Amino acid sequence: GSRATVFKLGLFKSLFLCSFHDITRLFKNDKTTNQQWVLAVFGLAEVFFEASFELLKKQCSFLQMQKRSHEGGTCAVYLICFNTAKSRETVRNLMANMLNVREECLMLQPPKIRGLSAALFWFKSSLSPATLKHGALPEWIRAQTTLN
């Protein structure tokens, strides 16, 4: 359980300088499946962030990961494109176990696939040397960030 709180949203915004709501859309039912997911994780240890990259690569067509932190806390964000569609219930169980964290430490919703500022969040992230990347960029990001 535990979707999110004013405190988790507040920390995300203080670190990434934009709302978690501006890069995702809403799935109110925990059973609806989807290949693409946006994941935010608070209080994650570095060794598990790095191990998750190698493990997700084997079941994904695309993956982009980054992390930030300051005196108030830490937050890692993932754009995941699974080879097979999964529900929030399933992804929640997979990632809490994989990352060695409580479910309350996560926030999960599918991506906002229409909107230029939303597509530029990922394009900007792909320009950092620290970002971990795997696979070909999703067409919805490529199409909105190209043509002049």
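In case it trips you up, residue 1 is the first one in the sequence shown, and so on.
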- Item | Stretch with the greater mean C-alpha B-factor as recorded in the entry, comparing 36-44 against 62-70 | 62-70
- Mean C-alpha temperature factor, higher of 96-104 and 114-122: 96-104
- Peak C-alpha temperature factor (PDB record), options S52, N29, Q109, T90: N29
- Rank-wise, by C-alpha B-factor, drop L132 into the lowest, middle or highest third of its chain. middle
- Of the three thirds of Cα B-factor ranks in this chain, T5 occupies the highest
- Mind checking which third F12 falls in for C-alpha B-factor across the chain? highest
- Task: Taking the values exactly as deposited, rank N148 by C-alpha B-factor within its chain and report the matching third: lowest, middle or highest.
- Result: highest
